[PDB]
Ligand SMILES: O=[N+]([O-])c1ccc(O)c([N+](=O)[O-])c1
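One chain comes next, on its own, written as structure tokens: the form deposited without the ligand.
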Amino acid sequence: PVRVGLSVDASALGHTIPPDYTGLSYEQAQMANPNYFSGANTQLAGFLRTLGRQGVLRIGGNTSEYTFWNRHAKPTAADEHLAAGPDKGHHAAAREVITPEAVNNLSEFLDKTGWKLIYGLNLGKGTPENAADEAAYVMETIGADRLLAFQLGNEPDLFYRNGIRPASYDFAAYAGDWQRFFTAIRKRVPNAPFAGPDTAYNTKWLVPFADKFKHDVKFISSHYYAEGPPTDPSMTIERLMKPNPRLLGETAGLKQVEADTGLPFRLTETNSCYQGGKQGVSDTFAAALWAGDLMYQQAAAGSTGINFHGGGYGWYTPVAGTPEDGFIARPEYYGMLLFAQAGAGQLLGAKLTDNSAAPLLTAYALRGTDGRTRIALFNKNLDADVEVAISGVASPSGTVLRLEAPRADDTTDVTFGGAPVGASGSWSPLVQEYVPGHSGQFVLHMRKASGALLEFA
């Protein structure tokens, strides 16, 4: 093993993680099926509760430009069996209708989970008046306490690429659209909250959006995929475990926006690989390590939260399935589960030394809201075991829950705390293990391509 030092500093205060930090993002097309986001969907509701007692459900995505609210519509027989996976971006999605029934059923789903809602409106192809009407029904049925924000279009900077607007569409044009929709909506719903611009940090769209619309939104909404442009070497597990300088830069950009406008930021759509994911990467244990680490990295940067995109049986979905067939936890879910068990609190200094031979090991220390110290570690080195000598924690007893699979590319065999997640998100730890050492010096071994959560008495 590579022998590294980890030094915890209870005085090096970072950010406080909010209790609604975790979340999921889904395609708005899924709302065509009123059985999906329903009070009767107890299995899916159970998977969300396990991910956190508070969190945020975001509904939007490319399909939000192809979904059309109608106050008189009833779902058809095909609609009652629709499971809309992440949009693969290769062409126009099918047209779908959203019904009062689906909205009513969403409000019951949110009551069963305890989660809040970010809800997409159709700015790509709809009308301001139909958006106002949809926003009104959502506000009537869901309420201002569970409705966090509406968003007016998804990835407007990509409308051109995907046939929704002409090549010439730019931020100026988008700001005109945004204003027309904001104005119509606010007439019907004077207390409507908004977030935007619902894409990746950039200077042509995100920076001017925040300057112009800072008094009209509650927070900035940004997207992030670890996969870079279509021209890069395609994503591998190896690459996914390494730092992404684009991420660090886009995160800084978001912090500067915050400094300039007062607006906080949330990562409203993210996953490993775009266009639904890549088989052999996105659907593997490696995605658990990537996702768990990402949650922590963005939290330490001052992010208000996250929403991992998914649905259907897409390669990157945290939860897979249907109401007819049932739901299961995919490998990525286990990384979010580790964050769920750690809980909220305030991040602390945790400096790694002696680690140039194991450079993809990361570590985050947290003072829990219950007063206990926790450490989340991700050994993302694919070929190096580690031995971590831990100082700066005094406690009579540490325990470890391990995040494991037998290989980094496994599509199954994933456990946390020595147990799989069962039906309806059911999980409890079955193997807990004391961390050797004592107050001021603890010693933790970790295999290559594993994770761990340490909780100190």
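The first residue of the sequence shown is number 1, and the count goes up from there. Whichever C-alpha set is largest while still superposing within 1.5 Å between the two forms counts as the rigid core.
We do not show the form solved in complex with the ligand, though everything after this point is about it.
- Here the chain stands alone, but in the deposited complex its contact with the ligand, taken as any heavy atom within 4.5 Å, falls in 397-405 among 397-405, 420-428, 41-49, 384-392.
- By the criterion of a heavy atom within 4.5 Å, residue 412 is excluded from the residues contacting the ligand in the deposited complex.
- Heavy atoms of residue 54 never reach within 4.5 Å of the ligand in the deposited complex, leaving it off the interface.
- Contact annotation for residue 433: at least one heavy atom lies within 4.5 Å of the ligand in the deposited complex.
- In the deposited complex, the ligand lies beyond 4.5 angstroms of every heavy atom of every residue of 219-250.
- Once the two forms are fitted on their rigid core, between this form and the one not shown the CA displacement reaches 2 Å or more only for 232 among 232, 370, 383, 324.
- Superposition of the core reveals a Cα shift of 2 Å or more for residue 202 between this form and the one not shown.
- After superposition on the rigid core, the Cα of residue 167 moves by less than 2 Å between this form and the one not shown.
- Core-superposed comparison between this form and the one not shown: the CA of residue 74 exceeds or equals a 2 Å shift.
- The pair residue 156 and residue 230 is at least 3 angstroms farther apart at the CA level in the deposited complex than in the present model.
- Legend note: Cα of residue 77 to Cα of residue 323 is at least 3 Å farther in the deposited complex than in the depicted form.
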